[PDB]
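3D model of this:
(11 chains, ligands or ions: 11)
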Amino acid sequence: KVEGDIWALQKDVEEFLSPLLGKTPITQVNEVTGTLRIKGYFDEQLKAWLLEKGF
Amino acid sequence: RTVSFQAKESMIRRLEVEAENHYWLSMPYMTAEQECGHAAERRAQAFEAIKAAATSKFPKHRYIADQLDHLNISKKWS
Amino acid sequence: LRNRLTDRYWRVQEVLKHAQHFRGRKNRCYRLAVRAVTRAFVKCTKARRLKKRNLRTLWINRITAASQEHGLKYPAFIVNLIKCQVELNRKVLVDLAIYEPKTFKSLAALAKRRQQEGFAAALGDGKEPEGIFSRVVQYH
Amino acid sequence: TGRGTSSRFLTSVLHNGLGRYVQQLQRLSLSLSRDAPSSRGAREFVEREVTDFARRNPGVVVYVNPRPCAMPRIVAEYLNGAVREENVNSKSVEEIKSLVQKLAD
Amino acid sequence: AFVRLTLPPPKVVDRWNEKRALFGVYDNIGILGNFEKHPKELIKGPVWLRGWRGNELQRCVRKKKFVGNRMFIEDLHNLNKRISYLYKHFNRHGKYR
Amino acid sequence: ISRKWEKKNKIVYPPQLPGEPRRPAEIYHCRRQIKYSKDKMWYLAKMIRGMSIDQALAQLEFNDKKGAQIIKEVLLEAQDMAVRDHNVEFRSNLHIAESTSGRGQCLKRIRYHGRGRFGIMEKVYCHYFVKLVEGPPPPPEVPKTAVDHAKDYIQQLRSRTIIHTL
Amino acid sequence: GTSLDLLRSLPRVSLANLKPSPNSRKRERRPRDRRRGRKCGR
Amino acid sequence: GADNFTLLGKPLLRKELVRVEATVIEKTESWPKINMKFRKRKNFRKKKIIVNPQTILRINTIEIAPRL
Amino acid sequence: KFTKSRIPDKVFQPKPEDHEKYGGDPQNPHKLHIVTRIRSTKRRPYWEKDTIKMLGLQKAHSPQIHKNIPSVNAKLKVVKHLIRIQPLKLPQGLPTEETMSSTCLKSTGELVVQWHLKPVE
RNA sequence: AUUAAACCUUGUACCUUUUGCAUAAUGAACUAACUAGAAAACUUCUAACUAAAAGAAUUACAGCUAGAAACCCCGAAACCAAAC
RNA sequence: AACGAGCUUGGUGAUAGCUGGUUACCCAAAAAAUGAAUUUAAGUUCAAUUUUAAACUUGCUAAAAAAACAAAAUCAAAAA
Ligand SMILES: [Mg+2]
Ligand SMILES: [Mg+2]
Ligand SMILES: [Mg+2]
Ligand SMILES: [Mg+2]
Ligand SMILES: [Mg+2]
Ligand SMILES: [Mg+2]
Ligand SMILES: [Mg+2]
Ligand SMILES: [Mg+2]
Ligand SMILES: [Mg+2]
Ligand SMILES: [Mg+2]
Ligand SMILES: [Mg+2]
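Numbering: from 1, shown residues only, chains lettered A, B, ... in the order given. Ligands and ions are numbered 1, 2, ... in the order given. See the structure here:
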């Protein structure tokens, strides 16, 4: 449930997850549905990450 | 079936070409020991390129502009 | 009959238009016309490759006729012109023979001239200097 | 199909290039619908490309006729008297521009 | 093939007749009406397939279940034979086992 | 069924101008549902093609075929309407420009055979058409002379071109 | 939401402009052409 | 070549000697050429049409200069 | 049974006359091979088919450059009869970054680094 | 292809099968019309909402809901019941 | 008007591992007819192949010695 610039979120997600992977994550942006899809399981890291941002 | 004159020559010509091929394969520039490892780096990188493409498959992005551009089919002169 | 094809007239005319110059029922009866048209198209496609080869055979015959008038066989005319670094092709050599007989005689003299030098050269054993017309213009 | 069709020899209309080159295309007609999906690309051609084509080719007279129409159609007439008609129904702007240039050449 | 030698009469369609103009109204009777009625209750049709869908064997069995006892002898005999044919087709014949 | 042959006698051309050759009259006539094979009628129709009206009648009067009397009766009717309705001056000044036979509507019947087998027989009908053109019959066919044959041969030689070359 | 600003520029939405979501519909194949006709896959 | 003489390159003549000028008169496409192969169940529609762009050039002049 | 063949080593031991005939020094051996396919692998066993694709010689009469090292030579000996092996020669030296775009491989086997298409003069 | 319809050159009808083979063997006088792939258990794609989904009864340790996506035609000798 | 068992209607769209047929275009890939069981060998199910999609990492050719044999394949370090 992403509103606004879904591409800005992709940029932040890639930077946040890149050190953990050691490589850029593969992601899909569905601008029609408003969702961002990432290859691999990163739910816990992204859940904690989004809490810090205050969403 | 007697073998023709032209047939016999064409085989000989090919044999001479292969005979020379023997000579040029008889003088290796490097020995077996010296060969080991001289191309390791290039081989290592090449496989990484192969793996990277294989493991990078994922669906494509979807844009609103594609869906909304369909409305232009009813574009008109006012 | 909710849905019946309504365009079969034009589908039929697609085949029959190609068959109108045949003879017999091939030219108007679709079941027979369709089989004939498919053989005509296959023949046309294969004839496209064959046409190029037949034209070359025609040129070689015409070149042989022209060169024999001056006393030269076809192999002697062609190879010795090549040995002079003249790269005229067989199609053009026929045009010169039919329409430029004086030029073609010059080519025959040049080809015979180079041929004679080759005969002397082989007997020369390499000590003799190379022929005037046997010199090769180098490129780099 | 060679023997089922006519043939001719290579030729030019009036020794086209011996003294001076003359463009054989002399008239282009474009029929449009003001509001019809199939004529959209032709409408964009008129807005953007028709004026430039006319200036580049000052010997061709170009007629643009917006009218209630089911299929846009291009009619090309040459100096020798030949007429060629092309259905432009639901073609993109680029295809129409590409086709129009072929008629001129 | 033979083709018409004349144009048929042009078809005249009134797009703003009452039925076309008001098509779809009350399809949200439930969500906009507190769910007192489900939209399927607005479907007009055979009693055995109002608000229901199925394959032909299912439709044949459903019609018999609903109005089988009010059917004519010719119709009921034909319907019963259709069930047995479809039963054998779906349960014994086909590419996929 | 179509009946266009009858309609052809209704064509009206505009008045000819003084400086023009006089247009020959043309008369179209037919008899439709004749109990006779069209294949058989072709021979009678073929024979009179190109002959004058009187010459055609003379040959038909002494033919033993059933179709000859039918064609003769049609020819006489065509002759009368030509003078009576089509402004033909002299009855004799007419020749057969066109004469042919066509299929009619036929009836299907049963042909009995030996063992309860049958066949479908056809009761055949045919049509007969003629056009009469005012004027003497066109001059007969003249065979080519030897000189004419030689001339055509030389033209073929002179038409030769050098093929598949500049 | 800039996407809503895009709607302002575009022509009216209507029953003539409708389109399904991409790839939402597969193609149904009938045994009519040579590829899927003939023995029909059996 | 001329009536009384010819010059032959080995294989090409020098730019100083010969200048040949041509003009583009027409840019066109070939007539439809049918390409149909032979195959089991040939059919009439297993057919391809090849149309190729074409150019027509008029040769304008051939000139020579005394630079032998 | 048709099977893979092992050539006796004596075949690849040259003779002094061979060096004179082909003009190759047994010392300072050439570094790179020029190999072209001149026969078809149709009607040849699959192992010969495999190596031809490994070596890049899928198209005929198109030259491929290969290392003159024993491992490569072992593969070449398998398909020796379907190829022509020519020593790569560098009359003017290896191509540099400046001359990398001006090279041309001659039929003689020489890689020239300057290609002018002009009379030698 | 050709200046030229035929001459010259090239060319072992179609379908079905037979082992991938046709000088085999079936089928077709020709025209017109008619004349034979049909279902959602699992899987895939597209969306809604999401530790929940579904307009009652069902599934759920990211699921669940909806959509789309599928499986021919003609032909026996027979057998049985009731009439004639 | 063709009885080892009449004819008509119905059951009935009987059934047929058998014969025949199975209607537009384009692109791509492609087995093999091997092993096993079957009143099974005119069929079917499984293996094996082939194929589509997805996941992530070594595969193919080659392969020293060295064993196993008896005194060209199996295995497969390094490399290329
Ligand atoms: Mg050839
Ligand atoms: Mg009798
Ligand atoms: Mg008859
Ligand atoms: Mg095939
Ligand atoms: Mg038999
Ligand atoms: Mg289906
Ligand atoms: Mg009886
Ligand atoms: Mg059956
Ligand atoms: Mg069986
Ligand atoms: Mg048993
Ligand atoms: Mg290894």
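
can you give me the strands in the chain?
No chain specified, so I'll use chain A. In chain A, the segments counted as strands under DSSP state E are A:27-30, A:35-38.

let's do chain I instead
Using DSSP E, the strands of chain I run over I:32-37, I:64-67, I:83-87, I:104-105, I:111-112.

tell me which of the ones you listed sits nearest to RNA strand J.
Closest approach to RNA strand J among those (C-beta to the nearest atom of the strand): strand I:32-37, 23.9 Å. (Each C-beta comes from the backbone N, C-alpha and C, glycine too.)

what's that closest one in contact with?
B:24, I:52, I:55, I:57-68, I:72, I:76, I:82-88, I:105, I:109 (C-beta atoms under 8 Å, 6 or more residues apart in numbering or on different chains).

how about stretch I:51-62: buried residues?
In terms of neighbour count (16 or more other C-beta atoms under 10 Å in any protein chain shown), stretch I:51-62 has its buried residues at I:51, I:52, I:55, I:57.

dump the strands of chain I to TSV, plus distance to RNA strand K and mean neighbour count.
Shown next, in TSV, are those (distance: least, C-beta to the nearest atom of the strand, whole Å; neighbours: other C-beta atoms under 10 Å in any protein chain shown):
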stretch	distance to RNA strand K	mean neighbour count
strand I:32-37	12	20
strand I:64-67	6	16
strand I:83-87	15	20
strand I:104-105	22	14
strand I:111-112	21	20
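
will you turn those into TSV that also has distance to residue C:121?
As requested, those are exported to TSV (distance: least, C-beta to C-beta, whole Å):
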stretch	distance to residue C:121
strand I:32-37	31
strand I:64-67	37
strand I:83-87	27
strand I:104-105	30
strand I:111-112	28
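
closest to residue A:54 out of those?
Each of the strands of chain I was scored for nearness to residue A:54 using C-beta to C-beta, and the closest is strand I:64-67 (61.5 Å).

please enumerate the strands of chain F.
F:26-34, F:94-103, F:107-112, F:118-123, F:126-134.

excluding covalently adjacent residues, which one is nearest to residue D:60?
In this structure, residue D:60 finds its nearest non-sequential neighbour in residue D:25, 5.2 Å apart by C-beta to C-beta, 6 or more residues apart in numbering or on different chains.

next, that neighbour: phi, psi?
phi -60, psi 130 (degrees, to the nearest 10).

count of neighbours near it?
20 (other C-beta atoms under 10 Å in any protein chain shown).

with the one 4 residues further on instead?
Neighbour count of residue D:29, defined by other C-beta under 10 Å: 15.

wait, isn't it in contact with residue D:75?
Yes - assessed by C-beta atoms under 8 Å, residue D:29 is found in contact with residue D:75 at 4.2 Å.

circling back to that earlier point, now the buried residues of stretch I:51-62 in a markdown table, with distance to residue F:29?
Listed next are the buried residues of stretch I:51-62 as a markdown table, based on distance: C-beta to C-beta, whole Å:
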| residue | distance to residue F:29 |
| --- | --- |
| I:51 | 91 |
| I:52 | 86 |
| I:55 | 91 |
| I:57 | 87 |
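
ok, of those residues, which one's closest to RNA strand K?
Using C-beta to the nearest atom of the strand, the buried residues of stretch I:51-62 come closest to RNA strand K at residue I:51, 5.4 Å.

so what's the closest one up against?
By C-beta under 8 Å, 6+ apart, the contact set of residue I:51 is I:75, I:78, I:79.
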